[PDB]
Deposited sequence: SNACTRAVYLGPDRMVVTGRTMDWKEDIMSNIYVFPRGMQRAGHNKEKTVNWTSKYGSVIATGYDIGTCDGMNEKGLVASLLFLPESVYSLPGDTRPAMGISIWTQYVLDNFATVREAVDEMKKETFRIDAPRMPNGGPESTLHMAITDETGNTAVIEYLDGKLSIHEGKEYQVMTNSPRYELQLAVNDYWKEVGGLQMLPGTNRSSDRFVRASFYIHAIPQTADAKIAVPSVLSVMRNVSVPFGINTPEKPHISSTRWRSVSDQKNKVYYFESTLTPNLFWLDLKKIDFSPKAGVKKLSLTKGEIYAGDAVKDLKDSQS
């Protein structure tokens, strides 16, 4: 089973920091995409087209596409597993948006959760995912507003609000919140469920993200959000058969538009300060290779390589 946790820290003075874990089995690489880029939602099906208003830094698995990123307006979008997802009922003839590019679409076109949601609520397109793939999304902007987007029984389901700070895997959000409610009756200092189960991670992330210091000093908030992410990670290679362990973590400082990243296998936290990056149309695509064991450190803009994408 897969395991991913996402948690938004809401601090003082617009300090908004989003942490995310990726647990699989992932072949992740990082890409910088200048704005004004030209994209289509599908390669076979009838789609929708767009040219990207905002540049973005994103992470992508080989077979998953864009699954995490921040755009230059500091909007963060994250695609996490939700096995019961059902994107449409049989006979859906809308334009198709590939599950692998859905995240990019969001990061390319929206600066605000409010606009992301207003657009998605039109239901212009449907999400298309190949059979032999089931994911929900969480989006948060720099005001700290968040939307959780799920497809259940072919129907669109959205929760929007600052209070929706955590997301994990199953069950569907409405139910996940009830499980969290139950555990809050118990009290996080008395007992927390300590397992790698989707709902246990939700409860711990939700408890700790609200317990870390209310600070606006990124030197504190970032490593704090990171220690929460570490608490809800799945210890490495955990088999006890094929349990999904944490491979990487990311933390997006959405105030200062900085994107931190660490690998469970590689020693250090590195990052990409988006304020030091050229997102102008002609700047050209760049890439941080991670699949070759590369070991980055500190600011990694320097280590960006050019890519013909």
Worksheet entry | Non-modelled portions of the deposited polymer sequence, in sequence order | 26-27, 135-140, 249-251
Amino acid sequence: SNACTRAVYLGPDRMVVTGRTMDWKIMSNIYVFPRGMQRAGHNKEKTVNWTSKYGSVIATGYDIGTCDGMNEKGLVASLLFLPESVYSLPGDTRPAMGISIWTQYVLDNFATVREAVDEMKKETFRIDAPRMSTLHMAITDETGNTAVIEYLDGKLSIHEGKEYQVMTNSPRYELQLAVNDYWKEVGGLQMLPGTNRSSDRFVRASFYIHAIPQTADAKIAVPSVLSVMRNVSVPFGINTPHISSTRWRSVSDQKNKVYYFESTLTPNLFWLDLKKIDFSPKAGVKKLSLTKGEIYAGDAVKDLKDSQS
From here on, numbers count along this sequence of modelled residues.
Worksheet item: Do the C-alpha atoms of 291-299 or of 13-21 have the higher average B factor in the entry?
Response: 291-299
Item to complete: Higher average CA B factor in the deposited record is what I'm after, so tell me if that's 241-249 or 258-266.
Response: 241-249
Fill in: Among modelled residues of the same chain, the CA temperature factor third for residue 124
highest
Worksheet, complete the sentence: Entry-reported C-alpha B-factor of residue 93 relative to its chain, by third, is highest
Discussion item. Using the temperature factors of the C-alpha atoms in this entry, rank residue 154 within its chain: lowest, middle or highest third.
Written reply: middle
Discussion item. What third of the chain does residue 69 rank in for C-alpha temperature factor, lowest, middle or highest?
Written reply: lowest
Practice prompt. Determine, from the deposited record, the chain-internal third of the Cα B-factor for residue 84: lowest, middle or highest.
Written response: lowest
